[PDB]
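We've got the same protein chain twice here, in two forms, each standing alone as structure tokens: structure 1 and structure 2.
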Structure 1
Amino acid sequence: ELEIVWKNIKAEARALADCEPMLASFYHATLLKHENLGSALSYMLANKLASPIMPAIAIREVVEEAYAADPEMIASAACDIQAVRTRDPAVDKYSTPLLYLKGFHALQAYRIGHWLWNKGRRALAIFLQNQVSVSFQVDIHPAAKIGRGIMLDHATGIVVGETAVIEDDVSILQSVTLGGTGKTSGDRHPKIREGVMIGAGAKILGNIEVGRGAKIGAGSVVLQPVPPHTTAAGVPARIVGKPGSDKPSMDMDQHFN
């Protein structure tokens, strides 16, 4: 439920404001004064994406329009929160991704851009993509199709291209590229299927499959498709083993042979 995630967030916020007065005002503005997750999300995005061109209120109205049209984006955000809490041992609170984590922020900004792109507002979507690249150091093409329960841990240097697909329950670290090949339009970026874990620095290039439950080792350069439930590693990457679990995204085991 969104509600237990949101109820958890407010209760955390109440406690955190008591034991850190420096941030009491911060917690009230970002969390306590909102009635639901949607409103906290739009507030976060409005403030983080504000520019002279589109100030806070202007951005917020765009975000609220998107969430009214497609409320599943809020549900997706809630799943992404739970992903980080459950998978990242440095995070023990529901509020932490929403408050602090630039990978989470960039992911929700992408959802807005994707909605815009699909509505034909492509100029605005590209503006926001490239704003997010500068501000959060994550460059996700708004045409990319990205599911829910996604963790982008640390996130600096992540690149996801136009024709990429990232299914639900995927975990991706800093400096990961889901990148293209060639100079022509068309399908040319990876398809990352459910349960995949991608370690820091991995470059996955071209219109290639990374099958369900696969594991891509840190620093891998993947140029050929990786079968489901297999571990790939190296430069260029080869099949080196099989993961310890069905969904390595859940366990974040970085070892490979």
Structure 2
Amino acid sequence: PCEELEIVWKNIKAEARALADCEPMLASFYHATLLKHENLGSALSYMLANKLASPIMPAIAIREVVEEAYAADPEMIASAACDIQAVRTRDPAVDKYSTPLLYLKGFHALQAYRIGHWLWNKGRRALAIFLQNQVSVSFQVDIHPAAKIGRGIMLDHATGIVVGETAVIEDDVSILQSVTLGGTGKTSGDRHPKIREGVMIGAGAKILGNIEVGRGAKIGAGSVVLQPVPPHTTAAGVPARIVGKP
């Protein structure tokens, strides 16, 4: 259910032009990050390259990797725009389209994941794994690039999120800080959770194993979910049990 990419971009530029006027200390930042770019794809590649840069691998090098991915699969940029909207609609602290793009590390991590996922599915595993782990240090989100994640995702606050190799996260999911989608121990093969559409996961929840969390479900903060959660229910506790409906 996402608004048009080109429409979110225009909104973003309009907000930024206006914001640059009312805060002179950030005008340079708004121009470099948003206003000089012709499209959302180019602003995204610039941002990720600058934020992921290190002595190990410079921004100029990261950018050409991201630009190649976006040139080959421009739907990733459309997913970014859907992710921007997800935050704006769901987070009461965020009114502007430009806010997630500019500032939120969960959003940034989610878009870096898309690049890593594109690389991994092309067999460019080394580069995907390089990026995954540079994202873990820079944005404190560790998503394996083989995980299958949809669009309209919000990674709220985001610090300490861990998502495993064989996880699936469907559209419109909201995930808070310190959520693990992980295994049951020294396990192998299909071993990580399947999070269905519209699920919200509270802070510090651990969802472990190849188990379903059904569509529209709510996972309580600090839960340890070891069995499947039916659609449209609230699961909570250690271990998690059904405590209501959302």
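In this text, rigid core is short for the largest set of C-alphas that superpose within 1.5 Å between two forms. Shifts are known only where both forms have a C-alpha. Residue indices: 1-based, along structure 1.
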Completion exercise
After a rigid core superposition between structures 1 and 2, the exception among 200, 54, 205, 32, its Cα shifting by 2 Å or more, is 54
Practice task
Using a superposition on the rigid core, decide whether the Cα position of residue 71 changes by 2 angstroms or more between structures 1 and 2.
Solution key: no
Exercise for the section: Inspect the rigid-core superposition and answer whether the C-alpha of residue 86 shifts by 2 angstroms or more between structures 1 and 2. Expected result: no
Exercise for the section: Spell out whether the Cα of residue 186 moves at least 2 Å between structures 1 and 2 when the two forms are superposed on their rigid core. Expected result: no
Completion exercise
When only the core is superposed, residue 138 shows a C-alpha shift between structures 1 and 2 in angstrom of 0.4
Exercise for the section: Having superposed the rigid core, state how many Å the Cα of residue 127 shifts between structures 1 and 2. Expected result: 1.1
Problem - Structural rearrangement between structures 1 and 2, runs of 3 or more with C-alpha shift of 2 angstroms or more, core superposed - result: 51 to 54, 181 to 185
